[PDB]
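Have a look at the structure below before the remarks.
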Amino acid sequence: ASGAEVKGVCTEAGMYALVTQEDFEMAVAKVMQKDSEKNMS
Amino acid sequence: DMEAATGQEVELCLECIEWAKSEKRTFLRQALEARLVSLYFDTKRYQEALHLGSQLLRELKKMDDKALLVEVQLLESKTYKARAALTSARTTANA
Amino acid sequence: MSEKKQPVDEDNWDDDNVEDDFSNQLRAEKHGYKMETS
Amino acid sequence: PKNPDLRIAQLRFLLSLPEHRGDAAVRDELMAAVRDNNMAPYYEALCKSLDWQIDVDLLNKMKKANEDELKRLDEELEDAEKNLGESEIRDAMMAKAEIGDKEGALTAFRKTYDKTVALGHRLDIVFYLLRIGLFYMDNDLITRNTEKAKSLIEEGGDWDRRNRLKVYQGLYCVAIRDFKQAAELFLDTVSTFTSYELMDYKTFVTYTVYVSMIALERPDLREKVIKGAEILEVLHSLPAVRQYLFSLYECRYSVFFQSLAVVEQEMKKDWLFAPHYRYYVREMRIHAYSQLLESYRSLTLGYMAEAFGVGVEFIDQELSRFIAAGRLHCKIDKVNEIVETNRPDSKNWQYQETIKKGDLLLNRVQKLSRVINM
């Protein structure tokens, strides 16, 4: 990730809580999804 | 569900909790703890209803089960911060 | 300076002036016993 | 971990304010001494309470335990500073020395303030100086440490611990007759849920209301008590003073006086109030009478004597000495039993302050500007 993306995931996490590990998990989930969409392996 | 006979209800519940101390079944003791804290709210006990909910939820999000965690988070939101405990029950309930 | 003849010579401290002003009023039941006086 | 030591402070107050059963002070002091090594309770009871009916050796043994404890603390002082510790040798010794006699205190604060390095080194130091002060009814410790803190602790601090320091400041503001800045500093209600400084969040509510039924004017009253339902989810546990505050809006003076007697006895039997609680109740009295008369004028105390209970002679001497105390511009009689709405500031006073100050300071600067030449 481009350096400050940890800060953005922190922002995404705190938003879910509004900070458990699950918060940052869902944070990256918003962040990281797309990449998605298998069935092309 | 017979009658409010408070002489034997909370005592018989603490008995097989002590049997679950002596037999160590996880799902059975959690079944007994969940109704006991519901019975504590029936007379609305002040601290020990909250203290029983604290000592069980040290292990419930620690253990593997998910489904009864939604109820005991929700039962604390009645006895409660209550906006905060409800929202944590919201994000748990979706799985 | 004191060049005269005179060279011859908050816990509650804050609330203390009022206390001596409170030193004349029922210092701290007859208030509550007056309920049953009538 | 000052909550149980705050209960020990309440033990000292029970030793101090009620001299009814001095054995009860001896009781709980011996109960706190038989475990936790707390010998300071035992000397404290020896002094003021009973002279330790049976604790000559039963607590001298645990005093020797505290002696070995302090000696091994001061030995690990050198055993650990033998190794490198970032003021953590002295930090451990100050923490463990904050139990027995003032020996622990003098090996506590003489070994932290010299090498208090970061926010925590003074965070805990000032929390526990607040505790060593609150064990008695102190103010030098519990605010001089806040002075050091201002020099030392926060510097940005936490969104959590700094609220705790502020709540300490408010806790003394209600301990002292600083009837506003307590609730101001107790306005957090989102950062004092439960802490080793919060002897009881319900007692937090007690200290809060015992300054908010005065600081909070009717708008601020409803703002913090009513509107601020955050404390309500918890003050649901102490409905007596709560319902008192509820009447404190509708101005129900009968139950005002009932709960007034109640809270009077309560403060009479509550810490850090013994030599000062005198005003609060009569202040509530005069303040409520202010608005009650402010209703309108052609009214009687007897019509309110019902709300006063049988309060004709009661309020007779009461308001006599209260207006004598220079309070609550109004009019009332005995042969007529008047009530009044008066005292507008923009009648003369809003114009009298003008000279009240532009003569005070006028002559201040005058004499100040007199010695500039003579």
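Residue numbering restarts at 1 in every chain; chains get A, B, ... in the order shown in the structure tokens, and ligands count up from 1 in that same order.
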
Checklist entry - Neighbours of residue 11 (chain C) within 10 Å (only C-alpha atoms; same-chain residues fewer than 6 positions away dropped), as a PyMOL selection string? => result chain D and resi 137-139+172+175-177+272-276

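Selected on chain A by distance to chain B: residues 16, 17, 18, 22 and 23 of chain A (within 10 Å, counting only C-alpha atoms).
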
Next on the checklist: I need the chain C residues near chain D as a PyMOL selection string; criterion: at most 8 Å, counting only C-alpha atoms.
Outcome noted: chain C and resi 10-12+14-16+18-19+21-22+25+27-29+31-32+34-35+38

Next on the checklist: Quick check for you: according to DSSP on this backbone, which residues of region 92-324 of chain D are classed as helix (DSSP H, G or I)? Reply as a ChimeraX atom specification.
Outcome noted: /D:92-97,102-106,109-111,119-134,140-152,161-175,181-185,201-215,218-227,229-235,239-250,253-268,278-294,301-305,313-324

Next on the checklist: Using only C-alpha atoms, I'd like every residue of chain B that has an atom within 9 Å of chain D; please write them out as a VMD selection string.
Outcome noted: chain B and resid 46 79 to 82

Checklist outcome for this item: Atom pair CA of residue 95 (chain D) + CA of residue 124 (chain D), distance 8.0 Å
